[PDB]
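In structure tokens, the next block holds one chain alone, the form deposited in one PDB entry.
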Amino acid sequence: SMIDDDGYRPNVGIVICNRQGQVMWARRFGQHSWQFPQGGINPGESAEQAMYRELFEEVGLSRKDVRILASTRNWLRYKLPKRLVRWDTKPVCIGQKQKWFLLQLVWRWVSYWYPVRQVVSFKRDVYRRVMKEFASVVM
């Protein structure tokens, strides 16, 4: 994933829901690391392409297994806390620009809003923004 001219790293995120309104989250890295699937967008690659790559890698699913219900048409941008920035590597990455996808099936299930409260502190505000946007699709 290449850093853009503003210093943002492009990423994709996936929210898979079921017909009961639960959402899926998976261990990003080992025990207790439950998070929505998320990964970088590489050069010469659309967000949708990156989404299917992350879906296959994290969940073992492909396009046939899911229906896209919604996505962020533009970017969800946020700045890293300054103490998380890798200040000695150029170009310096100061944030992420993210495209999120809401999927439904054609890891564990939790209530839709549960991840907003329970995810690691660093991603709570991003999760709140994402789930608020997708609320207009599912509520």
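Position 1 is the first residue in the sequence shown; the rest follow in order. In this text, rigid core is short for the largest set of C-alphas that superpose within 1.5 Å between two forms.
- Message: Check this for me: in at least a third of the other entries compared, is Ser111 absent while its neighbours are modelled?
- Response: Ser111: modelled in every other compared entry.
- Message: Is it the case that at least a third of the other compared entries omit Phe101, given both of its neighbours are modelled there?
- Response: Across the compared entries, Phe101 is modelled every time.
- Message: Are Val106 and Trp107 truly consecutive in the deposited sequence, or are residues between them missing coordinates? Give the number as none, 1 to 3, 4 to 9, or 10 or more.
- Response: 10 or more residues lack coordinates between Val106 and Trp107.
- Mind pulling up the entry and telling me whether 42-50 or 109-117 has the higher mean Cα temperature factor? Result: 42-50.
- Mean C-alpha B factor from the entry: is it higher for 123-131 or for 5-13? Higher of the two, by average CA B-factor, is 5-13.
- Query: Based on what the PDB entry reports, which of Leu84, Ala26, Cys93, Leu61 has the top C-alpha B-factor?
  - Reply: Checking the PDB record, the top C-alpha B-factor among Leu84, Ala26, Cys93, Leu61 is at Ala26.
- Query: When you compare the CA B-factors of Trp75, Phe101, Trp34, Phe56 as listed in the entry, which one comes out on top?
  - Reply: By C-alpha B-factor in the record, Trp34 ranks first.
Below: the form solved in complex with a small molecule, not depicted.
- Item | Check all three, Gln22, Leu69 and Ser71, heavy atom within 4.5 Å of the small molecule in the deposited complex | Spot residues vs the small molecule: no contact at all.
- Item | Listed residue (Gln49, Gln104, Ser111, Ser33) with a non-hydrogen atom within 4.5 angstroms of the small molecule in the deposited complex | Checked against the cut-off, the match is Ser33.
- Message: Can you tell me if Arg63 lies within 4.5 angstroms of the small molecule in the deposited complex, counting non-hydrogen atoms only?
- Response: Contact check for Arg63: no, nothing within 4.5 Å of the small molecule in the deposited complex.
- Item | Contact test in the deposited complex: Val92 vs the small molecule, heavy atoms, 4.5 Å | The answer is no: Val92 has no heavy atom within 4.5 Å of the small molecule.
- in the deposited complex, does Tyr78 have a heavy atom within 4.5 Å of the small molecule? It does: once the small molecule is placed as it appears in the deposited complex, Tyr78 has a heavy atom within 4.5 Å of it.
- Query: After superposition on the rigid core, does the Cα atom of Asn42 shift by at least 2 Å between this form and the one not shown?
  - Reply: Shift at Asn42: below 2 Å after core fit.
- Message: I want to check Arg28: does it shift between this form and the one not shown by 2 Å or more at the Cα, with the core superposed?
- Response: Yes.
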